[PDB]
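Commentary on secondary and tertiary structure
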Amino acid sequence: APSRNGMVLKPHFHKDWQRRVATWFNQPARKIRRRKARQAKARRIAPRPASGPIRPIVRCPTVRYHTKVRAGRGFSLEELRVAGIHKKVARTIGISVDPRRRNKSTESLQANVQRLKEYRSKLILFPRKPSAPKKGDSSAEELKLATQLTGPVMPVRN
Amino acid sequence: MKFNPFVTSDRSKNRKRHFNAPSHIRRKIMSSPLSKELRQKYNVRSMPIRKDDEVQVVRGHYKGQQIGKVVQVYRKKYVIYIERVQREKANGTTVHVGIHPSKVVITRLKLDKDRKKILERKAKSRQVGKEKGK
Amino acid sequence: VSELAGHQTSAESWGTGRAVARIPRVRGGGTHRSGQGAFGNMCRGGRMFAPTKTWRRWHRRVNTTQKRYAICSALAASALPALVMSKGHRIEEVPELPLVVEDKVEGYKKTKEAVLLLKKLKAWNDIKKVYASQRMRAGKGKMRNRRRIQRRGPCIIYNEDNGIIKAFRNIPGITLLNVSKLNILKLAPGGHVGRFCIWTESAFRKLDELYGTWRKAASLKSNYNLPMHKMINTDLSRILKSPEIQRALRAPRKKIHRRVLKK
RNA sequence: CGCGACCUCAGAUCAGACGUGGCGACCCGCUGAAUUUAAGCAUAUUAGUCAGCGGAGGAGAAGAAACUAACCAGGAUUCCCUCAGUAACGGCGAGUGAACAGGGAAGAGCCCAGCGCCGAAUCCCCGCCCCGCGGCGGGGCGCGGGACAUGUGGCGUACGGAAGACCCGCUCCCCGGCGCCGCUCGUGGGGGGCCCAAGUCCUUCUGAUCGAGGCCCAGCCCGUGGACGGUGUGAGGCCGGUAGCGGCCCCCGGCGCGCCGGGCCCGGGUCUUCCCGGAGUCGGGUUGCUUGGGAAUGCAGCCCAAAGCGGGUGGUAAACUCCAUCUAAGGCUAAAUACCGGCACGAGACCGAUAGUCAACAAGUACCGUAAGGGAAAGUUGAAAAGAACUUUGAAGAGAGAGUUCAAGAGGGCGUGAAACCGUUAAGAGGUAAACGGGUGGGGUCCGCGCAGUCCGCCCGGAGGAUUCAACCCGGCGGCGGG
RNA sequence: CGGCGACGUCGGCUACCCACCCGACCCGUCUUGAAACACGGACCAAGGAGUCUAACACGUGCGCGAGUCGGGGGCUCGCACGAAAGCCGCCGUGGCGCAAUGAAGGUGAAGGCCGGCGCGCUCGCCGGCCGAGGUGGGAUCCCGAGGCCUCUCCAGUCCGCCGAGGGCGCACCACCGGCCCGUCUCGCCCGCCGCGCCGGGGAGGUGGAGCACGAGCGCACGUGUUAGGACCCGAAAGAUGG
RNA sequence: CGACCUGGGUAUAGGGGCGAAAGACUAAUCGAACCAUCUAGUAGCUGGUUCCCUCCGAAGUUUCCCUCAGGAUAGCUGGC
RNA sequence: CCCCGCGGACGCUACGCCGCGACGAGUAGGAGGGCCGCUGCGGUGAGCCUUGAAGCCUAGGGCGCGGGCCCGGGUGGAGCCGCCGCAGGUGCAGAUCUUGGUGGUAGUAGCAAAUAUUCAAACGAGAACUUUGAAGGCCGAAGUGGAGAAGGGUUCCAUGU
RNA sequence: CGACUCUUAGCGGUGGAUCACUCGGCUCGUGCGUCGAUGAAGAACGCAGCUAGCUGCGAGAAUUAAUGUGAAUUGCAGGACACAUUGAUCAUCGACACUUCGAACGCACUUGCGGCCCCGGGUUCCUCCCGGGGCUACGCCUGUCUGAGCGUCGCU
Ligand SMILES: [Mg+2]
Ligand SMILES: [Mg+2]
Ligand SMILES: [Mg+2]
Ligand SMILES: [Mg+2]
Ligand SMILES: [Mg+2]
Ligand SMILES: [Mg+2]
Ligand SMILES: [Mg+2]
Ligand SMILES: [Mg+2]
Ligand SMILES: [Mg+2]
Ligand SMILES: [Mg+2]
Ligand SMILES: [Mg+2]
Ligand SMILES: [Mg+2]
Ligand SMILES: [Mg+2]
Ligand SMILES: [Mg+2]
Ligand SMILES: [Mg+2]
Ligand SMILES: [Mg+2]
Ligand SMILES: [Mg+2]
Ligand SMILES: [Mg+2]
Ligand SMILES: [Mg+2]
Ligand SMILES: [Mg+2]
Ligand SMILES: [Mg+2]
Ligand SMILES: [Mg+2]
Ligand SMILES: [Mg+2]
Ligand SMILES: [Mg+2]
Ligand SMILES: [Mg+2]
Ligand SMILES: [Mg+2]
Ligand SMILES: [Mg+2]
Ligand SMILES: [Mg+2]
Ligand SMILES: [Mg+2]
Ligand SMILES: [Mg+2]
Ligand SMILES: [Mg+2]
Ligand SMILES: [Mg+2]
Ligand SMILES: [Mg+2]
Ligand SMILES: [Mg+2]
Ligand SMILES: [Mg+2]
Ligand SMILES: [Mg+2]
Ligand SMILES: [Mg+2]
Ligand SMILES: [Mg+2]
Ligand SMILES: [Mg+2]
Ligand SMILES: [Mg+2]
Ligand SMILES: [Mg+2]
Ligand SMILES: [Mg+2]
Ligand SMILES: [Mg+2]
Ligand SMILES: [Mg+2]
Ligand SMILES: [Mg+2]
Ligand SMILES: [Mg+2]
Ligand SMILES: [Mg+2]
Ligand SMILES: [Mg+2]
Ligand SMILES: [Mg+2]
Ligand SMILES: [Mg+2]
Ligand SMILES: [Mg+2]
Ligand SMILES: [Mg+2]
Ligand SMILES: [Mg+2]
Ligand SMILES: [Mg+2]
Ligand SMILES: [Mg+2]
Ligand SMILES: [Mg+2]
Ligand SMILES: [Mg+2]
Ligand SMILES: [Mg+2]
Ligand SMILES: [Mg+2]
Ligand SMILES: [Mg+2]
Ligand SMILES: [Mg+2]
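Here the numbering of residues is sequential along each chain, from 1 in written sequence order, and it may depart from the entry's numbering. Residues without coordinates do not appear. The naming scheme follows written order: chains are lettered A onward, ligands numbered 1 onward. What you see is a piece of a larger assembly; the numbers all apply to this piece alone. Side-chain measures were taken over the full set of non-hydrogen atoms in the model, leaving aside hydrogen atoms and water.

As stated in the entry header, the method of structure determination is cryo-EM and the reported resolution is 3.11 Å.

1. What to know about the overall build of chain B
Inclusion rule: Only DSSP runs of H or I reaching four residues or more are called helices, and only runs of E reaching two or more are called strands; each is numbered from the N terminus. Only heavy atoms matter for contacts: two residues are in contact if any of them lie within 4.5 Å across the pair. Computed with a 1.4 Å probe, the accessible areas rest on the Shrake-Rupley method; for each residue, only the protein chains presented here act as cover.
Of regular secondary structure, chain B possesses 4 helices and 8 strands. Written out in order from the N terminus, the α and β elements of chain B read α-α-β-α-β-β-β-β-β-β-β-α. Taking the principal axes of its C-alpha atoms as reference, chain B extends roughly 60 × 40 × 25 Å. When contacts within chain B are restricted to residue pairs at least 6 apart in sequence, long-range pairs at least 24 apart make up 49% of them. For chain B, the accessible surface area stands at approximately 9700 Å², while carbon and sulfur atoms represent 51% of it.

2. Here we look at the protein's contact with RNA strand G
Residues and elements named next belong to chain C. Stated formally: Nearness of a residue to a molecule or strand requires only that one of the residue's heavy atoms be within 4 Å of it. Distance and chemistry together define a polar contact, namely a pair of N or O atoms within 3.5 Å, with one atom able to donate a hydrogen and the other to accept it when in protein, and with adjacent residues in sequence counting only for side-chain atoms on both sides. Polarity classes work like this: nonpolar for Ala, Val, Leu, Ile, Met, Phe, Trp, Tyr, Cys and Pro, charged for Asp, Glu, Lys and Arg, and polar for all others, with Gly in that last group.
The environment of RNA strand G is made up of 40 residues, and the closest members are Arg 137, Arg 152, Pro 189, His 192 and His 257. Counted by atom, the contact set of RNA strand G within 4 Å of the protein is 67% sugar and phosphate. A distance of 2.9 Å separates a phosphate oxygen of RNA strand G from a polar side-chain atom of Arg 137. Contact between RNA strand G and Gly 139: a phosphate oxygen at 3.1 Å from a main-chain N or O atom of the residue. For the surface near RNA strand G, the secondary structure elements donating two or more residues are α4 (124-133) and β4 (135-136). Considering every element that reaches the surface near RNA strand G, the biggest residue donor is α4, with 4 residues. Within the surface near RNA strand G, the residues separate by chemical class into 13 nonpolar, 10 polar and 17 charged.

3. Focus: the sheet that holds strand β3 (residues 54-57) of chain B
Residue and element names in this part refer to chain B. Condition: Any two strands are treated as partners once DSSP identifies two or more bridges connecting them. For helices, the fitted line uses only the C-alpha atoms of the stretch in contact; every axis is such a line through C-alpha atoms, and the angle between N-to-C directions lies from 0 to 180 degrees.
Taken in spatial order, the 4 strands of this open sheet run β5-β4-β3-β8, and their pairing is antiparallel. Strand pairing shows two members of the sheet lacking a second neighbour, β5 (79-82) and β8 (104-108), which therefore form its edges. Sheet twist, expressed as the mean angle between neighbouring strand axes with direction ignored, is 55°. In the sheet, β3 pairs with strand β4 (residues 68-74) via 2 bridges, with the strands oriented antiparallel. Its bridge partner being in β4, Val 55 is matched across the sheet by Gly 68.

4. Side note on the packing of aromatic side chains
The cut-off we apply is this: Pairing of aromatic rings covers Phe, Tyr and the six-membered ring of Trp, with a centre-to-centre limit of 6.5 Å; geometry is then stacked below 30 degrees between planes, edge-to-face above 60, and tilted otherwise. Only protein chains enter the accessibility calculation, which uses a 1.4 Å probe; a residue whose area is less than 20% of its type maximum is buried, one above 50% is exposed, and one in between is partly exposed. Only when the NZ of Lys or the CZ of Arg is both within 6 Å of the ring centre and within 35 degrees of the ring normal is a charge said to sit over the ring.
Going through the model one piece at a time under the given rule, you end up with 3 aromatic pairs over all chains. Relative to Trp17(A), the ring of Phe13(A) has its centre 5.0 Å away and its plane inclined at 45°; by these criteria the two rings are tilted. Overall, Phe13(A) belongs to the exposed group, its relative accessible area being 56%. For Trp17(A), a relative accessible area of 35% puts it in the partly exposed group. Over the ring of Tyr78(B) we find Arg26(B); its NZ or CZ atom is 4.3 Å from the centre of that ring. Its guanidinium or amino end placed over the ring of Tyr211(C), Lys221(C) lies 5.0 Å from that ring's centre, counting from NZ or CZ.

5. Thoughts on the sheet that holds strand β8 (residues 197-200) of chain C
Residue and element names in this part refer to chain C. Taken in spatial order, the 4 strands line up as β3-β8-β6-β7 in an open sheet, and their pairing is parallel. Single-partner strands in this sheet number two, and they are β3 (99-101) and β7 (175-178). With direction set aside, neighbouring strand axes in the sheet form an average angle of 25°. In the sheet, strand β6 (residues 155-158) pairs with β8 via 3 bridges, with the strands oriented parallel.

6. Side note on the interface of chain A and chain C
Condition: For any pair of parts, buried area is found by adding up, for both, the accessible area (1.4 Å probe) each one loses once the two are put together. For this document, the term salt bridge refers to a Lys or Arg side-chain nitrogen within 4 Å of an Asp or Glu carboxyl oxygen.
With 4 residues of chain A at the interface, the matching set in chain C holds 4 residues. Counting the surface lost from both chain A and chain C, the interface buries some 360 Å², and carbon and sulfur atoms represent 80% of this. Considering only the surface of chain A that becomes buried against chain C, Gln18(A), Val21(A) and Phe25(A) emerge as the three largest contributors, covering 78% of it. At the boundary of chain A with chain C, the tally comes to 0 salt bridges. There are 0 residue pairs in polar contact connecting chain A and chain C. For the side of chain A that touches chain C, the per-class residue count stands at 2 nonpolar, 2 polar and no charged.

7. Let's talk about the protein's contact with RNA strand E
Taken together, 56 residues sit near RNA strand E, with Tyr65(A), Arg47(C), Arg56(C), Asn63(C) and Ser222(C) positioned nearest. The share of sugar and phosphate among atoms of RNA strand E within 4 Å of the protein is 70%. In this structure, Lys31(A) approaches RNA strand E through a side-chain N or O atom, which is 2.9 Å from a phosphate oxygen. One of the side-chain N or O atoms of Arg68(C) is found 2.9 Å from a phosphate oxygen in RNA strand E. Elements with a minimum of two residues in the surface near RNA strand E: α1 (27-44) of chain A together with α1 (64-77) and α6 (184-187) of chain C. When the residues that make up the surface near RNA strand E are grouped by side-chain class, the tally is 23 nonpolar, 13 polar and 20 charged.

As structure tokens, this is what we get:
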């Protein structure tokens, strides 16, 4: 029975919720496990960026957020085409590709392709055979200047 | 203090392990300090107890400089029996008194092939530790 | 408690026409357990009233500004000899209460030289008090691995760890604390401020970056300035005896008028 | 009216394999209530929940859009925060109730059928020989058999592809071995085994000491070790252990290099010519369940049943009209995620033997029921058995002496040993049941250093003592004030 | 001021027994009413009942304040304590609040005085200022005639206290207006790249959980209500599988 | 001497069986067995509800309810 | 302008101390304080303890209105507590409460279905119940006889206590 | 004077509360995350010098071998064991072995009864008996062999 003034409340506890309760006591252990896996993966891929491949510059969909820009899933096929990168080589050199994304505005297209050119100018390519380099990069360029990068690759700034 | 995350400090767990310890490590548990002369002759401090070595009791009712040879290492009771460390019961006969080996000092070691090898390993490890410390 | 406790039984009530209480009783026969009560908080073997459960909200979240406020208050309190002596930290021959030493102690490796440092800083009586206070805890904590208890010694605060942790850490009561990761649970031991602290010089210099002055803000924190006072001059006796107050008062009425007998 | 081929079938203790059953905490596919709430009760709710059945793995399921959106667009799945107790559903009552976008964790993409092209290039099995055994592999040979044109393999899949030309770049793969590293990297990677500091120093308590004092030298000694347990109390130094980018031994595994052996085969750009897709499926009608999905979200039964500038979606049924979006009816895929069962561990502001698991103990035991099933109680001598020798009465139980022990007023269900109840001893009393409150009196058991009652500041006098007072000098230290 | 003080007595009663006088029915519970011929209770020991979570509301304590909050993630020798603590800041996404109103399309909170003009037509163009109006109370604060002093006055010097009256008026209250949104009644103007079935504006009632110079957010504690086993024990029943 | 008594072997199972019919019997249980679970089922109904002192201190009345052994609401109360 | 005197009581944990006036019933219920009590944690007491901790007993001495507490004596043999905060599975006479133990009843009811025993002796510490013998009786062949099925599972048979 | 009863104390009984102890739980967290026709889970029956339970084990039966360790095990007995012409004990466990049911597998079981193929003995190799060994379940894949069809054909 209600008594005097007060909100009319509808608690959703009519359904035996005690059997399904998620307790978060393993939250710090989960954080440590995630951190350890992060460190192990970064250790495994030594010169490559730890965070992952470069993601494209992408505008947010709806009218609430379209003024804002975030990171996308991968660079579009057209962006790769006009950047001069084969779509089967971009992923190996560390570029996320999003085949199912089409471009609608040349402004966003140009932003992404300038990003791709900038990444290609920032890339250090180890030769496949360490003894015999074909066209990769310079010995002085990679003897010490190639080191692991933390955080997003060329981060997106509003 | 203790930092190994795989080594317990629980009193109950430690007592369970101690009282349920297998015989081959009950031997290690039943270890006794060497005398000063033995601790000088060999660069080792303690030594697990054996059937036929001669000790002297340092604590309890039977203290004294008398050198008595062990005659029994009763590992289930975690005691040893010594030659003249005995006690006479009511009917006239006599038995031995259980004594924890930690309450005696070994004065002479029953040397054979194995004891010398154990002494060698312990002395080598002590030398390694002190030379790292220097 | 185990959610199954007190309920692993098929007991049902006997009824009402059998001259016994209506609490559920275990079925079956041929044993002591059959017919005994069950399922009640009053019954031997029944589950407790309101079995405590793991979803009890053990953790509390405190405002970050309040946490920094507490750290500032503890740091300020450690600098008052009345408060630290009130904690009983044996600071009698300490040359100066905000005790700061050179960074050479950060390079200490041996407990021998750490102890010699304490002895030359006249803090060894604190450790002696800790040694004299080691004893056995009263109660079930002995069964629950908290067998031995002792007092809190001084707190060593360091900027860079160059083995100073290993040099210390075999001294009972010594708590080693990085200056950029200060802990209120160690600065105020039992909820009462005033713990004796020994600062390395680099850690002492870093305090104006960690918590800032009032003229500047803290730089090593994104946004924090030191809390403001609500009372600058706290010397109440001096204030009351100031002439400006004394001229505005009326004279004291110091004659006690007791009850007068009605003759 | 026999002999062959094919098709469709059958048998076999045929040659060689595979499945079954268990666990089931987590997961997947079904089936599926009622108690309860609505203050009644039938829709609703409990709930797609319990119970029931089937199938797995270390995770499972999902998953690379027949998507979300309507934007200046995003872009597989899964999980967390939020959206949100919202949109919506609902005897529009009780109640129920998501999704998008945003931020994070993790991030990985792909393969067939078809359309075509390539002398079936394809695969299995059986023999012989060689190199390997480690999960049976490779090489070679067989006018050895078989599968297969009712279609094996190569290219190739919606991100367009292929074939020709023209141009540009030769750019370097995998697998299995030999030897060697840095060996592996928060400091060997893992597993196993054996070791590593310092008081039993002096005096003392005790039954025993691990207790209490002491150790001048800056301080008994070690301390990268003062966690823990054991030892006759309560131990950093008696012992095991503890700390340590400590030592040694054995075994096991992936990483690079030089060699060897095998398999291995052309990539990109421009132009021309071709080629492009999954059907009793979509969709519609109806029915029943389900959903927040409301003129019908999804699932399924039945009836109808397609198209190719087509189809699906665009959260109000319909016609016309433009636009946006994806490409259904085939398949694979790690990570983030779950885990009350299993193996091995660590910890606790939890419980301390009527508690905590039913189970600290010969506990799923004893025992009960035909059975499905139900299911207890039950810890503690002592440091050491030193577990009471021996004498003595009784037939023995059981006593009385004696003996052990610090203790048997710890003597085998033996730590301490409460209350209810009882026996005995002592005191007191008793014909209105006991017991109770208020007030005294008597008695008794104890308490009071009870038994000649204080003390202590100044002054007076007597008898005595004295590193002797004040005032000055020297030195030290404070407190206050000084334009 | 007196008496009495050690193996006999002095003082002590909460505490032990006994006696006597007065009073005095057995507790709990339901109940208008229990000592009740009402129910439970033979005795004793141990266990034994408003707990936790979630959601609100209000009061209070704390921090910051038109902001506040890292709770999820991440970064820091990973781990005795530490599963803690600290940091992020282009991690503030987001939540709550800083705006309301209508079903919705939508719309969305500044006035006051002093002037010249039209007609100061109940009004359009400005200017100058100020910046939420006015009334009546309103703690507090401010001014203040007039007094209160000494061994005394003829003459002013420094400051204190009392004070009739006067003023500014905090919060808050009662009212009168003003502005925002919805909806009625009336009537006239304005705008223009789309002259429109376009858009904007006024006056007068009336509906709103509004505005009218913010008060919230986070954490903690208490009380109350509800969902949950829900203060503890209790059905007759229902369903599933054996 | 019969529609007789009786052993053993079988068959029928719970909203079912079986009944020369009493709702009788179905393992001492039958107007729906027993076992375990949903389940700590629900109860406006009965019983109980654990330390001391100090201060304040009631109502059995209005209105509405498938309301009459109950609630909401006003009143009475305390606290801030 | 103090000084032959250099001196002059207590106080005020301000969350404290002191003064004056009025008042004191109380169920259900509400609120305040608790140096009331229990258990565990963080601090603190150079706390207590084998020259004796907890516990329990007491015709011992007291304190508080009370919750309760302190101390003395005894037993016991190993841990315990004060103060400041923190957190509760925190206080029992009831619940035909649960578990365990114990009383009165009470040396009471009762050891009364189916006719029945007696004498001597043996062993034996001990004989109404054993054994032997002598009597007297019952079952009376549809038995109190001799064997089996089902069920029981060693009860069968010696010897000893 | 006693008996009985009541109250209080001392002591002794009954009882097992309290207090202390704890090889037990409960809760959380981590790392793995592994059964079975090559016979699982479960059950039954057995195995010790003296052994009923608990535990361990399978007729090699409270265990064999191997490796590590290095003088015991222990309630009593007995007995090895130069501990190097090699070793008690315990641990690890990779070799060996692992009775009867049980998915349970020749058929069936509250019992029992077969069939095929080798080997050994009586036989004196031929087929009767006894003993030993190996097969003898269902479904299903690929292949093999034997086949059926007035199924569709071809030659005759
Ligand atoms: Mg990431
Ligand atoms: Mg329990
Ligand atoms: Mg205690
Ligand atoms: Mg075969
Ligand atoms: Mg209902
Ligand atoms: Mg109801
Ligand atoms: Mg009903
Ligand atoms: Mg329904
Ligand atoms: Mg289920
Ligand atoms: Mg299965
Ligand atoms: Mg999968
Ligand atoms: Mg899949
Ligand atoms: Mg639902
Ligand atoms: Mg093909
Ligand atoms: Mg696709
Ligand atoms: Mg110890
Ligand atoms: Mg120790
Ligand atoms: Mg040592
Ligand atoms: Mg180590
Ligand atoms: Mg007990
Ligand atoms: Mg128990
Ligand atoms: Mg007898
Ligand atoms: Mg004793
Ligand atoms: Mg006892
Ligand atoms: Mg008595
Ligand atoms: Mg009443
Ligand atoms: Mg009545
Ligand atoms: Mg009454
Ligand atoms: Mg009456
Ligand atoms: Mg009656
Ligand atoms: Mg009643
Ligand atoms: Mg009664
Ligand atoms: Mg009772
Ligand atoms: Mg943290
Ligand atoms: Mg925002
Ligand atoms: Mg909200
Ligand atoms: Mg006003
Ligand atoms: Mg208004
Ligand atoms: Mg309320
Ligand atoms: Mg009838
Ligand atoms: Mg019956
Ligand atoms: Mg209940
Ligand atoms: Mg019930
Ligand atoms: Mg009605
Ligand atoms: Mg009633
Ligand atoms: Mg009065
Ligand atoms: Mg009163
Ligand atoms: Mg309780
Ligand atoms: Mg009681
Ligand atoms: Mg109690
Ligand atoms: Mg009561
Ligand atoms: Mg009688
Ligand atoms: Mg009789
Ligand atoms: Mg006769
Ligand atoms: Mg006769
Ligand atoms: Mg017979
Ligand atoms: Mg017999
Ligand atoms: Mg007694
Ligand atoms: Mg062996
Ligand atoms: Mg048969
Ligand atoms: Mg034919």
